[PDB]
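Printed here is my_file21.tsv (TSV, C-alpha atoms):
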```tsv
chain	number	residue	atom	x	y	z
A	8	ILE	CA	3.76	25.78	3.93
A	9	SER	CA	5.50	24.64	0.72
A	10	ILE	CA	6.47	20.98	0.27
A	11	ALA	CA	8.40	19.14	-2.46
A	12	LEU	CA	7.95	15.42	-3.16
A	13	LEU	CA	10.56	13.13	-4.74
A	14	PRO	CA	9.13	9.63	-5.21
A	15	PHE	CA	11.07	6.80	-6.77
A	16	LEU	CA	10.97	5.86	-10.46
A	17	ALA	CA	8.22	3.26	-10.16
A	18	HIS	CA	4.48	3.63	-10.69
A	19	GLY	CA	3.99	1.66	-7.47
A	20	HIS	CA	5.41	4.69	-5.64
A	21	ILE	CA	4.15	7.46	-7.92
A	22	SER	CA	0.50	6.84	-7.01
A	23	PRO	CA	0.88	7.04	-3.19
A	24	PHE	CA	3.03	10.17	-3.48
A	25	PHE	CA	0.52	11.76	-5.87
A	26	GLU	CA	-2.43	10.94	-3.61
A	27	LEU	CA	-0.55	12.35	-0.61
A	28	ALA	CA	0.07	15.45	-2.73
A	29	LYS	CA	-3.65	15.80	-3.45
A	30	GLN	CA	-4.40	15.32	0.25
A	31	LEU	CA	-1.88	17.90	1.45
A	32	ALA	CA	-2.90	20.40	-1.25
A	33	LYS	CA	-6.53	20.56	-0.08
A	34	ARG	CA	-5.51	21.32	3.52
A	35	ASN	CA	-3.40	24.36	4.58
A	36	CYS	CA	-3.25	25.18	0.85
A	37	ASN	CA	0.26	23.70	1.01
A	38	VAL	CA	2.10	24.87	-2.16
A	39	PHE	CA	2.93	21.51	-3.74
A	40	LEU	CA	5.91	20.62	-5.97
A	41	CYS	CA	6.21	16.91	-7.16
A	42	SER	CA	9.52	15.97	-8.87
A	43	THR	CA	8.90	13.24	-11.49
A	44	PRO	CA	10.45	12.51	-14.99
A	45	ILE	CA	8.07	13.86	-17.73
A	46	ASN	CA	7.10	10.27	-18.76
A	47	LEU	CA	6.27	9.39	-15.09
A	48	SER	CA	4.35	12.69	-14.50
A	49	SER	CA	2.42	12.22	-17.81
A	50	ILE	CA	0.26	9.43	-16.25
A	51	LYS	CA	-0.70	11.62	-13.26
A	52	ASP	CA	-1.95	14.48	-15.47
A	53	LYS	CA	-5.73	14.17	-14.97
A	54	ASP	CA	-6.97	15.73	-11.68
A	55	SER	CA	-3.85	17.47	-10.26
A	56	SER	CA	-4.60	21.17	-10.81
A	57	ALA	CA	-4.00	21.40	-7.05
A	58	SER	CA	-0.44	20.05	-7.20
A	59	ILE	CA	2.43	21.38	-9.32
A	60	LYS	CA	4.38	18.78	-11.23
A	61	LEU	CA	8.06	19.49	-11.90
A	62	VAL	CA	10.16	17.66	-14.50
A	63	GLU	CA	13.45	15.82	-13.68
A	64	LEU	CA	15.65	14.66	-16.60
A	65	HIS	CA	18.50	12.12	-16.13
A	91	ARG	CA	21.91	1.23	-13.24
A	92	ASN	CA	19.18	3.88	-12.75
A	93	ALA	CA	20.96	7.16	-13.52
A	94	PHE	CA	18.72	8.39	-10.68
A	95	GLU	CA	21.88	7.77	-8.61
A	96	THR	CA	23.55	10.42	-10.81
A	97	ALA	CA	20.83	13.10	-10.97
A	98	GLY	CA	21.89	14.31	-7.56
A	99	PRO	CA	23.11	17.75	-8.72
A	100	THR	CA	20.09	17.97	-11.03
A	101	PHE	CA	17.75	17.68	-8.05
A	102	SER	CA	20.06	20.08	-6.21
A	103	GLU	CA	19.43	22.62	-8.99
A	104	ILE	CA	15.69	21.93	-8.82
A	105	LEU	CA	15.66	22.60	-5.07
A	106	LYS	CA	17.87	25.66	-5.60
A	107	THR	CA	15.13	27.04	-7.87
A	108	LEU	CA	12.04	25.68	-6.00
A	109	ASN	CA	13.50	26.01	-2.44
A	110	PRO	CA	10.62	24.07	-0.72
A	111	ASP	CA	9.97	24.48	3.05
A	112	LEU	CA	10.28	20.68	3.30
A	113	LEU	CA	11.18	17.60	1.26
A	114	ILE	CA	9.38	14.24	1.28
A	115	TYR	CA	11.65	11.56	-0.17
A	116	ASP	CA	11.37	7.84	-0.90
A	117	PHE	CA	13.60	4.86	-0.10
A	118	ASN	CA	16.15	4.60	-2.91
A	119	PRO	CA	17.07	8.17	-4.03
A	120	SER	CA	19.76	7.92	-1.25
A	121	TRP	CA	21.22	11.41	-1.96
A	122	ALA	CA	17.81	13.03	-1.40
A	123	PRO	CA	18.27	13.43	2.38
A	124	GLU	CA	21.89	14.66	1.91
A	125	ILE	CA	21.18	17.22	-0.90
A	126	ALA	CA	18.18	18.54	1.09
A	127	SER	CA	20.40	19.23	4.12
A	128	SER	CA	22.91	21.03	1.85
A	129	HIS	CA	20.08	23.50	1.18
A	130	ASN	CA	19.08	23.47	4.90
A	131	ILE	CA	15.83	21.73	3.95
A	132	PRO	CA	14.44	19.29	6.54
A	133	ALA	CA	13.84	15.87	5.00
A	134	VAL	CA	10.94	13.59	5.99
A	135	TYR	CA	10.68	9.98	4.82
A	136	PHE	CA	7.50	8.53	3.30
A	137	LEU	CA	7.07	4.78	3.86
A	138	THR	CA	4.46	3.27	1.53
A	139	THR	CA	4.77	-0.22	3.04
A	140	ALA	CA	3.33	-1.84	6.16
A	141	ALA	CA	5.09	-1.00	9.41
A	142	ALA	CA	5.61	-4.64	10.43
A	143	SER	CA	7.48	-5.72	7.30
A	144	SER	CA	9.96	-2.88	7.79
A	145	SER	CA	10.04	-3.47	11.56
A	146	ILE	CA	11.45	-6.93	10.81
A	147	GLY	CA	14.70	-5.62	9.35
A	148	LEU	CA	14.83	-2.48	11.48
A	149	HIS	CA	14.75	-4.60	14.70
A	150	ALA	CA	17.47	-6.93	13.39
A	151	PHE	CA	19.73	-3.83	13.30
A	152	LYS	CA	18.69	-1.71	16.27
A	153	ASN	CA	18.41	-4.75	18.59
A	154	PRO	CA	20.62	-7.50	17.07
A	155	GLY	CA	19.75	-10.52	19.23
A	156	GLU	CA	16.69	-9.40	21.24
A	157	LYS	CA	14.11	-11.48	19.23
A	158	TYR	CA	11.10	-9.99	17.44
A	159	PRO	CA	8.55	-8.82	20.05
A	160	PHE	CA	5.91	-11.19	18.52
A	161	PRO	CA	6.77	-14.89	17.56
A	162	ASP	CA	3.26	-15.31	16.02
A	163	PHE	CA	4.07	-12.72	13.30
A	164	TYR	CA	7.85	-13.24	13.05
A	165	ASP	CA	9.70	-16.06	14.83
A	166	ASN	CA	13.36	-14.93	14.77
A	167	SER	CA	14.74	-18.11	16.43
A	178	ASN	CA	26.02	-8.18	3.00
A	179	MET	CA	26.32	-4.62	4.28
A	180	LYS	CA	26.04	-2.12	1.43
A	181	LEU	CA	22.25	-2.54	1.45
A	182	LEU	CA	21.35	-2.84	5.15
A	183	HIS	CA	22.80	0.60	5.84
A	184	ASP	CA	20.88	1.98	2.87
A	185	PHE	CA	17.61	0.67	4.40
A	186	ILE	CA	18.11	2.30	7.83
A	187	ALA	CA	19.35	5.50	6.22
A	188	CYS	CA	15.92	6.62	5.19
A	189	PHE	CA	14.78	6.01	8.77
A	190	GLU	CA	17.84	7.63	10.37
A	191	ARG	CA	18.10	10.68	8.11
A	192	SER	CA	14.37	11.42	8.44
A	193	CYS	CA	13.88	14.69	10.32
A	194	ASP	CA	11.89	14.17	13.55
A	195	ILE	CA	8.98	12.23	12.01
A	196	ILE	CA	8.36	9.53	9.41
A	197	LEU	CA	5.19	9.56	7.31
A	198	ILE	CA	3.66	6.14	6.65
A	199	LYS	CA	0.87	4.96	4.33
A	200	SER	CA	-0.89	2.98	7.05
A	201	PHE	CA	-3.49	3.35	9.78
A	202	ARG	CA	-3.52	2.50	13.47
A	203	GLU	CA	-6.63	0.30	13.20
A	204	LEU	CA	-4.62	-2.27	11.21
A	205	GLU	CA	-1.14	-2.23	12.77
A	206	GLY	CA	-0.93	0.28	15.61
A	207	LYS	CA	1.23	-2.17	17.54
A	208	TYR	CA	3.77	-2.44	14.73
A	209	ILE	CA	3.63	1.32	14.10
A	210	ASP	CA	4.53	1.98	17.74
A	211	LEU	CA	7.28	-0.64	17.48
A	212	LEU	CA	8.66	1.13	14.39
A	213	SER	CA	8.44	4.47	16.22
A	214	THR	CA	10.55	3.19	19.10
A	215	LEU	CA	13.01	1.36	16.83
A	216	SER	CA	13.64	4.35	14.56
A	217	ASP	CA	13.56	6.97	17.36
A	218	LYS	CA	11.18	8.87	15.06
A	219	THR	CA	7.50	9.68	15.42
A	220	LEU	CA	5.54	7.55	12.96
A	221	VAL	CA	2.80	9.72	11.46
A	222	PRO	CA	0.18	7.64	9.61
A	223	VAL	CA	-1.63	9.22	6.68
A	224	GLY	CA	-4.17	6.40	6.40
A	225	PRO	CA	-4.98	4.80	3.07
A	226	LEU	CA	-4.89	6.67	-0.23
A	227	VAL	CA	-7.81	5.77	-2.53
A	236	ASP	CA	-12.05	2.99	-20.49
A	237	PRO	CA	-15.35	2.45	-22.35
A	238	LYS	CA	-14.62	-1.23	-21.59
A	239	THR	CA	-15.68	-1.00	-17.91
A	240	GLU	CA	-19.42	-0.39	-18.41
A	241	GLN	CA	-19.99	-4.13	-18.79
A	242	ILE	CA	-18.28	-4.65	-15.41
A	243	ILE	CA	-20.59	-2.35	-13.45
A	244	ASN	CA	-23.67	-3.47	-15.39
A	245	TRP	CA	-22.85	-7.06	-14.31
A	246	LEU	CA	-22.15	-6.32	-10.59
A	247	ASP	CA	-25.26	-4.16	-10.13
A	248	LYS	CA	-27.61	-7.01	-11.14
A	249	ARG	CA	-26.27	-9.24	-8.32
A	250	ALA	CA	-27.25	-9.15	-4.65
A	251	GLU	CA	-25.39	-7.37	-1.86
A	252	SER	CA	-22.12	-8.82	-0.54
A	253	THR	CA	-22.37	-11.91	-2.75
A	254	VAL	CA	-19.62	-11.21	-5.33
A	255	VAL	CA	-15.99	-12.16	-4.68
A	256	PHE	CA	-13.39	-10.04	-6.46
A	257	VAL	CA	-10.28	-11.99	-7.47
A	258	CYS	CA	-7.06	-10.28	-8.63
A	259	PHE	CA	-3.32	-11.00	-8.17
A	260	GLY	CA	-2.12	-7.52	-9.25
A	261	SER	CA	0.45	-7.85	-12.08
A	262	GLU	CA	3.33	-9.51	-10.15
A	263	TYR	CA	2.75	-13.05	-11.55
A	264	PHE	CA	0.24	-14.17	-14.24
A	265	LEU	CA	0.78	-17.59	-12.52
A	266	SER	CA	0.82	-20.43	-15.13
A	267	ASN	CA	-1.60	-22.85	-16.91
A	268	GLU	CA	-0.84	-25.10	-13.91
A	269	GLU	CA	-1.66	-22.49	-11.25
A	270	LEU	CA	-4.52	-20.83	-13.11
A	271	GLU	CA	-6.22	-24.24	-13.02
A	272	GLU	CA	-6.12	-24.58	-9.23
A	273	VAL	CA	-7.80	-21.18	-8.75
A	274	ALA	CA	-10.27	-21.52	-11.62
A	275	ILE	CA	-11.67	-24.86	-10.47
A	276	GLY	CA	-11.51	-23.59	-6.89
A	277	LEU	CA	-13.74	-20.69	-7.91
A	278	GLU	CA	-16.04	-23.07	-9.80
A	279	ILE	CA	-16.73	-25.34	-6.81
A	280	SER	CA	-16.99	-22.32	-4.49
A	281	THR	CA	-20.58	-21.83	-5.76
A	282	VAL	CA	-20.43	-18.04	-5.38
A	283	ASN	CA	-20.44	-15.11	-7.78
A	284	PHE	CA	-17.03	-13.73	-8.65
A	285	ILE	CA	-15.19	-11.19	-10.79
A	286	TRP	CA	-11.78	-12.77	-11.48
A	287	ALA	CA	-9.61	-10.21	-13.28
A	288	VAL	CA	-6.70	-12.23	-14.74
A	303	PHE	CA	-15.05	-23.50	-15.85
A	304	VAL	CA	-13.99	-23.30	-19.57
A	305	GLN	CA	-15.31	-19.64	-19.32
A	306	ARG	CA	-18.80	-21.03	-20.21
A	307	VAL	CA	-19.57	-23.16	-17.10
A	308	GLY	CA	-18.27	-20.49	-14.69
A	309	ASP	CA	-20.74	-20.40	-11.74
A	310	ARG	CA	-21.83	-16.78	-12.38
A	311	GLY	CA	-18.46	-15.05	-12.92
A	312	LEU	CA	-16.62	-12.64	-15.27
A	313	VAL	CA	-12.97	-12.86	-16.37
A	314	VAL	CA	-11.18	-9.68	-17.48
A	315	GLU	CA	-7.93	-9.36	-19.43
A	316	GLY	CA	-6.24	-6.16	-18.28
A	317	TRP	CA	-7.12	-3.37	-15.87
A	318	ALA	CA	-10.23	-3.89	-13.73
A	319	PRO	CA	-12.27	-1.42	-11.64
A	320	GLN	CA	-10.63	-2.65	-8.43
A	321	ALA	CA	-11.61	0.36	-6.33
A	322	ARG	CA	-15.03	0.54	-8.02
A	323	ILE	CA	-15.70	-3.18	-7.49
A	324	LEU	CA	-14.57	-3.18	-3.85
A	325	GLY	CA	-16.65	-0.04	-3.29
A	326	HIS	CA	-19.72	-1.60	-4.87
A	327	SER	CA	-22.23	-2.98	-2.39
A	328	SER	CA	-22.47	-6.36	-4.15
A	329	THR	CA	-18.87	-7.30	-3.27
A	330	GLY	CA	-18.31	-9.18	-0.03
A	331	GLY	CA	-15.01	-10.92	-0.73
A	332	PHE	CA	-11.56	-10.13	-2.17
A	333	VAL	CA	-9.22	-12.96	-3.18
A	334	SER	CA	-5.92	-11.09	-3.29
A	335	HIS	CA	-2.17	-11.62	-3.47
A	336	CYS	CA	-1.93	-9.29	-0.43
A	337	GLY	CA	-0.35	-6.19	-1.89
A	338	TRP	CA	-0.28	-3.33	0.58
A	339	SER	CA	-2.39	-1.01	-1.58
A	340	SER	CA	-4.72	-3.92	-2.30
A	341	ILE	CA	-5.26	-4.65	1.40
A	342	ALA	CA	-5.70	-0.94	2.15
A	343	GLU	CA	-8.36	-0.64	-0.56
A	344	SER	CA	-10.07	-3.81	0.67
A	345	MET	CA	-10.22	-2.38	4.20
A	346	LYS	CA	-11.40	1.10	3.20
A	347	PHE	CA	-14.51	-0.49	1.65
A	348	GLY	CA	-15.09	-3.19	4.29
A	349	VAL	CA	-14.41	-6.14	1.98
A	350	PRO	CA	-12.82	-9.08	3.86
A	351	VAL	CA	-9.63	-10.57	2.44
A	352	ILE	CA	-8.85	-14.03	1.08
A	353	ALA	CA	-5.07	-14.14	1.41
A	354	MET	CA	-3.16	-15.89	-1.39
A	355	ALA	CA	0.37	-14.48	-1.11
A	356	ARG	CA	3.55	-15.95	-2.57
A	357	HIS	CA	6.58	-13.64	-2.69
A	358	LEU	CA	7.97	-10.38	-1.26
A	359	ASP	CA	6.31	-9.00	1.90
A	360	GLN	CA	2.90	-10.25	0.77
A	361	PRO	CA	2.76	-13.17	3.27
A	362	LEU	CA	3.59	-10.84	6.18
A	363	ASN	CA	0.81	-8.54	4.98
A	364	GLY	CA	-1.66	-11.42	4.72
A	365	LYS	CA	-1.28	-12.79	8.24
A	366	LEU	CA	-1.27	-9.14	9.35
A	367	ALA	CA	-4.83	-8.72	8.06
A	368	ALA	CA	-5.47	-12.20	9.50
A	369	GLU	CA	-4.08	-11.12	12.87
A	370	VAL	CA	-6.63	-8.30	13.21
A	371	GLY	CA	-9.48	-10.50	11.97
A	372	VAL	CA	-10.50	-8.90	8.66
A	373	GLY	CA	-9.28	-11.77	6.47
A	374	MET	CA	-8.17	-15.37	6.25
A	375	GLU	CA	-5.28	-17.11	4.49
A	376	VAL	CA	-5.59	-20.25	2.40
A	377	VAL	CA	-3.97	-23.32	3.94
A	378	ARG	CA	-1.03	-24.48	1.77
A	379	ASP	CA	-1.17	-28.27	1.14
A	380	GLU	CA	2.18	-28.28	-0.78
A	381	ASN	CA	5.03	-25.68	-0.72
A	382	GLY	CA	4.80	-24.11	-4.21
A	383	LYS	CA	1.06	-23.53	-4.38
A	384	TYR	CA	-2.40	-24.24	-3.01
A	385	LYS	CA	-5.18	-26.62	-4.11
A	386	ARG	CA	-8.81	-25.92	-5.17
A	387	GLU	CA	-10.21	-27.31	-1.88
A	388	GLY	CA	-7.99	-24.95	0.15
A	389	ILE	CA	-9.36	-22.05	-1.89
A	390	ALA	CA	-13.03	-23.05	-2.03
A	391	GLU	CA	-13.12	-23.82	1.70
A	392	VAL	CA	-11.87	-20.38	2.73
A	393	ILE	CA	-14.06	-18.61	0.15
A	394	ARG	CA	-17.18	-20.35	1.46
A	395	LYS	CA	-16.15	-19.81	5.08
A	396	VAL	CA	-15.56	-16.08	4.66
A	397	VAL	CA	-18.16	-14.84	2.21
A	398	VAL	CA	-21.17	-17.17	2.56
A	399	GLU	CA	-20.80	-19.19	5.79
A	400	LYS	CA	-21.62	-18.29	9.38
A	401	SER	CA	-18.11	-19.22	10.58
A	402	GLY	CA	-16.80	-16.17	8.71
A	403	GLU	CA	-19.24	-13.74	10.36
A	404	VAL	CA	-16.49	-12.73	12.78
A	405	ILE	CA	-14.34	-11.69	9.77
A	406	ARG	CA	-17.14	-9.78	7.99
A	407	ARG	CA	-18.30	-7.92	11.15
A	408	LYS	CA	-14.71	-6.78	11.85
A	409	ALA	CA	-14.15	-5.58	8.25
A	410	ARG	CA	-17.25	-3.31	8.43
A	411	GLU	CA	-16.52	-2.00	11.95
A	412	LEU	CA	-12.91	-1.20	10.99
A	413	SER	CA	-14.15	0.53	7.76
A	414	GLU	CA	-16.54	2.63	9.83
A	415	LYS	CA	-13.62	3.56	12.12
A	416	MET	CA	-11.35	4.47	9.20
A	417	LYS	CA	-14.12	6.80	8.10
A	418	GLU	CA	-15.25	7.69	11.63
A	419	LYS	CA	-11.87	9.32	12.42
A	420	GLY	CA	-11.82	10.82	8.90
A	421	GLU	CA	-9.44	13.61	7.74
A	422	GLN	CA	-7.92	14.02	11.22
A	423	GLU	CA	-4.90	11.78	10.55
A	424	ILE	CA	-3.71	13.81	7.51
A	425	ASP	CA	-4.75	17.00	9.38
A	426	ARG	CA	-2.52	15.99	12.35
A	427	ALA	CA	0.22	15.04	9.84
A	428	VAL	CA	-0.04	18.48	8.26
A	429	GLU	CA	0.12	20.27	11.59
A	430	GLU	CA	3.17	18.19	12.57
A	431	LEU	CA	4.85	19.03	9.24
A	432	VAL	CA	4.18	22.71	9.94
A	433	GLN	CA	5.67	22.13	13.39
A	434	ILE	CA	8.81	20.79	11.68
A	435	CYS	CA	8.94	23.88	9.47
A	436	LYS	CA	8.57	26.27	12.42
A	437	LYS	CA	11.25	24.49	14.49
A	438	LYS	CA	13.50	25.39	11.52
A	439	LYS	CA	12.68	29.11	11.90
A	440	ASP	CA	15.86	29.59	13.99
A	441	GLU	CA	17.83	32.85	13.43
A	442	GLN	CA	15.26	33.85	10.71
```

Output the file's structure as structure tokens, nothing else.
Amino acid sequence: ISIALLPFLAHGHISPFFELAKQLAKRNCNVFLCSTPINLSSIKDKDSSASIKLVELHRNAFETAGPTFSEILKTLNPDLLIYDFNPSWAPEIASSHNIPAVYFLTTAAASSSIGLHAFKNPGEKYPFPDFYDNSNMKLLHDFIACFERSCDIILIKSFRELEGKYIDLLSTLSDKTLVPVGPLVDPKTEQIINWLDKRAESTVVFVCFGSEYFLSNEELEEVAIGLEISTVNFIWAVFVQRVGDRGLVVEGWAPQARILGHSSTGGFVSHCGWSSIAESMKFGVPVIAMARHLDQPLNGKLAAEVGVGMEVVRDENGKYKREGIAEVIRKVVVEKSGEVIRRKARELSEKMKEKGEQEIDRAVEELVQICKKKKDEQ
């Protein structure tokens, strides 16, 4: 019934853990304990009366706060622990208190399946050349650990409608049952909504590259002029700002969820972050893939494999050109050739909401199953 969460010390992992906390606190009234440093928990203090936040005070010294978290568990004594990828000692300290440990993967199943296959099956080739064409130690073991030490199941921030094939592959490779929990979700924003509401339905393209790379004056040019000749409305949260074909540039944080959820948005030029793609698919907004580093390319083609997006065609090797961007924008958002993509995005969104609440409900009942298998000898 009671669960304790130990995310990693990064706001990219605090939000998914906190949203999972809110989701598990509204079902089965799971007593919820979330272990975060006071500075990290401070940001989440807004609508969390359901969860209970617990402080943790410490080369991240995180790799030294083992006994501190041991003391926290000795006081809290949760019926189960949900750990992240890098705490390392989390699974070990939990077992020293006879607490079953379940791993929470906040990344796509395919990107992890890449490395997990290269270990479980060394020379057997990835099962799909289209996605990955296969044809020094002290880190590979630390990647599999969180999969190996996970008790029975592995929770994943993903949904079957996007990568059920890769989720099943990860299940077989890890020998664990992959349990998907689906996707998980200031006076300066009124101008944003007042602008988007006065535009027609599914005609605005939302452009954002997260905060990974502000690009450069050389790369901002290729996307700015590409948006100019696209001849479509856009909200590009970062021509000459005054000849922009009906667009709005924003400096810092933008209403990403509120823009994708607005009915006037019918396109999302994205760097293909996992949370970004999940949000784009929960609101039925097709994806314009413009990845560059990390697992973002694998994500992009992933959404391109299922048909809810399209990648820009690279003319060079470092970056793309305005034509490559304008062509795909016009094809997806405003042209008939992209109707396949738009239809799929809406149908998949309906499905993600048609099978609503069951996935986390099944996850909760399987977690309770884990807890009851541990009721051995009282």

Within 12 Å of (5.7, -9.9, 0.9) (coordinates as in the file), grab all the protein and nucleic acid residues, counting all atoms listed in the file, and write them out as a PDB file with C-alpha atoms, keeping the file's coordinate frame.
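selection_18.pdb, written as the output of this step:
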```
ATOM      1  CA  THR A 139       4.770  -0.220   3.040  1.00  0.00           C
ATOM      2  CA  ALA A 140       3.330  -1.840   6.160  1.00  0.00           C
ATOM      3  CA  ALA A 142       5.610  -4.640  10.430  1.00  0.00           C
ATOM      4  CA  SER A 143       7.480  -5.720   7.300  1.00  0.00           C
ATOM      5  CA  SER A 144       9.960  -2.880   7.790  1.00  0.00           C
ATOM      6  CA  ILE A 146      11.450  -6.930  10.810  1.00  0.00           C
ATOM      7  CA  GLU A 262       3.330  -9.510 -10.150  1.00  0.00           C
ATOM      8  CA  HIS A 335      -2.170 -11.620  -3.470  1.00  0.00           C
ATOM      9  CA  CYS A 336      -1.930  -9.290  -0.430  1.00  0.00           C
ATOM     10  CA  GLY A 337      -0.350  -6.190  -1.890  1.00  0.00           C
ATOM     11  CA  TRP A 338      -0.280  -3.330   0.580  1.00  0.00           C
ATOM     12  CA  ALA A 353      -5.070 -14.140   1.410  1.00  0.00           C
ATOM     13  CA  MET A 354      -3.160 -15.890  -1.390  1.00  0.00           C
ATOM     14  CA  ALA A 355       0.370 -14.480  -1.110  1.00  0.00           C
ATOM     15  CA  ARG A 356       3.550 -15.950  -2.570  1.00  0.00           C
ATOM     16  CA  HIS A 357       6.580 -13.640  -2.690  1.00  0.00           C
ATOM     17  CA  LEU A 358       7.970 -10.380  -1.260  1.00  0.00           C
ATOM     18  CA  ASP A 359       6.310  -9.000   1.900  1.00  0.00           C
ATOM     19  CA  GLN A 360       2.900 -10.250   0.770  1.00  0.00           C
ATOM     20  CA  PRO A 361       2.760 -13.170   3.270  1.00  0.00           C
ATOM     21  CA  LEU A 362       3.590 -10.840   6.180  1.00  0.00           C
ATOM     22  CA  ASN A 363       0.810  -8.540   4.980  1.00  0.00           C
ATOM     23  CA  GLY A 364      -1.660 -11.420   4.720  1.00  0.00           C
ATOM     24  CA  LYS A 365      -1.280 -12.790   8.240  1.00  0.00           C
ATOM     25  CA  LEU A 366      -1.270  -9.140   9.350  1.00  0.00           C
TER      26      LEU A 366
END
```

Around (16.0, 3.4, 8.1) in the file's frame, which residues reach within 12 Å when counting only C-alpha atoms? Return as a PyMOL selection string?
-> chain A and resi 116-118+120+123+134-137+141+144-152+181-193+195-196+212-213+215-218

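Every protein, DNA or RNA residue with an atom at most 12 Å from residue 52 of chain A, where only C-alpha atoms count and chain neighbours fewer than 3 positions away do not, is listed here: residues 21, 22, 25, 41, 43, 45, 46, 47, 48, 49, 55, 56, 57, 58, 59, 60 and 61 of chain A.
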
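In this comparison, which uses only C-alpha atoms, the residue of A:326, A:157, A:346, A:20 approaching residue 252 of chain A most closely is A:326.
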
- prompt: Could you pull the residues within 12 Å of residue 433 of chain A, counting only C-alpha atoms, minus those fewer than 5 positions along the same chain, as an MDAnalysis selection string?
  reply: chainID A and resid 8 111:112 132 193:195 426:428 438:439

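Distance-wise, atom CA of residue 63 of chain A and atom CA of residue 33 of chain A end up 24.6 Å apart.
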
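Counting from atom CA of residue 330 of chain A, the distance to atom CA of residue 253 of chain A is 5.6 Å.
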
- Task: One decimal, Å: what's the distance from atom CA of residue 349 of chain A over to atom CA of residue 277 of chain A, could you say?
- Result: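 It comes out at 17.6 Å.
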
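Comparing A:97, A:389, A:345, A:226 by their smallest distance to residue 257 of chain A, the closest is A:389 (using all atoms listed in the file).
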
message = From the options A:265, A:221, A:287, A:412, which residue's atoms come nearest to residue 315 of chain A, counting all atoms listed in the file?
response =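 Among the listed residues, A:287 lies closest to residue 315 of chain A.
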
Which centre and edge lengths in Å to one decimal define the box along x, y and z that fits every listed atom of segment 96-109 of chain A plus 8 Å per side, as JSON?
```
{"center_x": 17.8, "center_y": 18.7, "center_z": -6.7, "size_x": 27.5, "size_y": 32.6, "size_z": 24.6}
```

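Proximity to residue 398 of chain A was assessed for A:321, A:372, A:246, A:282 counting all atoms listed in the file; the smallest distance is recorded for A:282.
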
Residue 390 of chain A environment, 7 Å, all atoms listed in the file, sequence neighbours closer than 4 positions dropped, as a PDB file with C-alpha atoms, in the coordinates of the input:
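So the final result, stored in selection05.pdb, reads:
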```pdb
ATOM      1  CA  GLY A 276     -11.510 -23.590  -6.890  1.00  0.00           C
ATOM      2  CA  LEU A 277     -13.740 -20.690  -7.910  1.00  0.00           C
ATOM      3  CA  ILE A 279     -16.730 -25.340  -6.810  1.00  0.00           C
ATOM      4  CA  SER A 280     -16.990 -22.320  -4.490  1.00  0.00           C
ATOM      5  CA  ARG A 386      -8.810 -25.920  -5.170  1.00  0.00           C
ATOM      6  CA  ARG A 394     -17.180 -20.350   1.460  1.00  0.00           C
TER       7      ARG A 394
END
```

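Distance check against residue 272 of chain A using all atoms listed in the file: of A:387, A:210, A:203, A:379, the minimum falls on A:387.
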
Item to complete: Name all residues at most 7 Å from residue 125 of chain A (count all atoms listed in the file; drop same-chain ones fewer than 4 positions away) and give them as a list in words.
Response: residues 102, 121 and 129 of chain A

TODO: Within 8 Å of residue 264 of chain A, counting all atoms listed in the file, which residues show up once you throw out same-chain ones fewer than 3 positions away? Write them as a ChimeraX atom specification, please.
DONE: /A:259,261,288

Counting all atoms listed in the file, closest pick from A:409, A:227, A:397, A:133 relative to residue 329 of chain A is A:397
